[PDB]
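In structure tokens, the next block holds one chain alone, the form deposited in one PDB entry.
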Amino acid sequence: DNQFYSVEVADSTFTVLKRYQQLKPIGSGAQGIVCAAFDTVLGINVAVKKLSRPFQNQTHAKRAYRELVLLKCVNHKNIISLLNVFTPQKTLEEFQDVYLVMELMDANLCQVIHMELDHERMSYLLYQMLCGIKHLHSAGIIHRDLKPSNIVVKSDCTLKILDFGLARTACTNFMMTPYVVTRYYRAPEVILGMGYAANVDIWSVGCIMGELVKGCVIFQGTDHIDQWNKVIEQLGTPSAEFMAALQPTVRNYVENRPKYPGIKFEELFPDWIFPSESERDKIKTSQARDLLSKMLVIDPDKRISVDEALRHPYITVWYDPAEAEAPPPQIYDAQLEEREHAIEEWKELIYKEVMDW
């Protein structure tokens, strides 16, 4: 051996390749622990996620296996890409821990929202988000949890989408980065229990987009019921056509709420909150608002697609087919994940996935 060394991190032990130095805990939960580290070989800072014996039970096992498999299906600069996957254990019989390495970014979108962004920066961030989303969707992956804390950035305005769910509990949780609840970013079709398609993510991008402008959460409801009130208060009561797709109980609840005409987007998102130094900013403001009005549509059938959004005048200035059309290596298949496995089998599946990386 002599490849691995151990360090005390949290209430645990990180046994990692000697190339990873200066480990500092930055995130913790029941499903995983993330440290910042310096990669001496790459000469860069990295983030190392430890999954501690992910096979310990059925819930942990399926989540560890799903993570490894999902990350196997993606290959895009605007999505988390693994620099390394390893285990310090040498055989299956003794296999215990899995370590995932990614590039350390500078900040998450939470820390970007209350900065003075211009149209060029805003449209570029949005462009990258859309590129990332398009890649995921073509890989058969709906994120479902697109929110500012799941989006990471560097000082050059480059951006990546990830999923920093660690199944956090009272004892386990610790964060060196801001967190925000998913609720504010859930599409109405999710809220109302409708069953959904990939464009739930487009709704989330519109919420994120609006927040980048206003500096405040767009639909800040106290709970899932209240989210709906905040949606209709601004966008207005949805169509009978939309309500017809609801289950009878949810349908009647929705029909019982006060009727709202909806606020004009020129009024919800006024010129003054946008950059306006030049005549060209005025043009860009109109484009941004138009794109916003097409993402924040209650009915997913009437909501803009990622394809259309990438072609929108606000976004298309950045369009490069090498980025916005890059295909994923394969489409995610949930078959082996949704198979039932004894713990020993999950152990071997996860093991093989690591050794194969």
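Take the two forms, find the largest set of C-alpha atoms that superpose within 1.5 Å, and that set is the rigid core. All residue numbers refer to positions in the sequence shown, first residue = 1.
- Two stretches are in play, 53 to 61 and 299 to 307, and the higher mean C-alpha B-factor belongs to 53 to 61.
- When 286 to 294 is weighed against 27 to 35, 27 to 35 comes out higher, by mean CA B-factor as recorded in the entry.
- Of the residues listed, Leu246, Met102, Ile161, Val153, the entry assigns the biggest Cα temperature factor to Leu246.
- Within the selection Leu42, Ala47, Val317, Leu70, the deposited Cα B-factor values reach their highest point at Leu42.
- Residue-level temperature factors show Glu94 in the highest third of its chain, judged at the C-alpha atom.
- In the deposited entry, the Cα temperature factor of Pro188 places it in the middle third of its chain's modelled residues.
- Per-chain ranking of the deposited C-alpha B factor places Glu241 in the highest third.
- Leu136: CA B factor lies in the lowest third for its chain, per the PDB record.
- Ranked against the other modelled residues of its chain, the C-alpha B-factor of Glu120 as given in the entry falls in the middle third.
Unshown form deposited in another entry; subsequent notes refer to it.
- For the set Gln234, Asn84, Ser149, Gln287, a Cα shift of at least 2 angstroms between this form and the one not shown, after rigid core superposition, holds for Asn84 and for no other residue.
- Superposition of the core reveals a Cα shift of less than 2 Å for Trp318 between this form and the one not shown.
- With a cut-off of 2 Å and the rigid core superposed, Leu136 has a Cα displacement that falls short of the cut-off between this form and the one not shown.
- Here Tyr99 counts as shifted, since its C-alpha moves by at least 2 Å between this form and the one not shown after the core is aligned.
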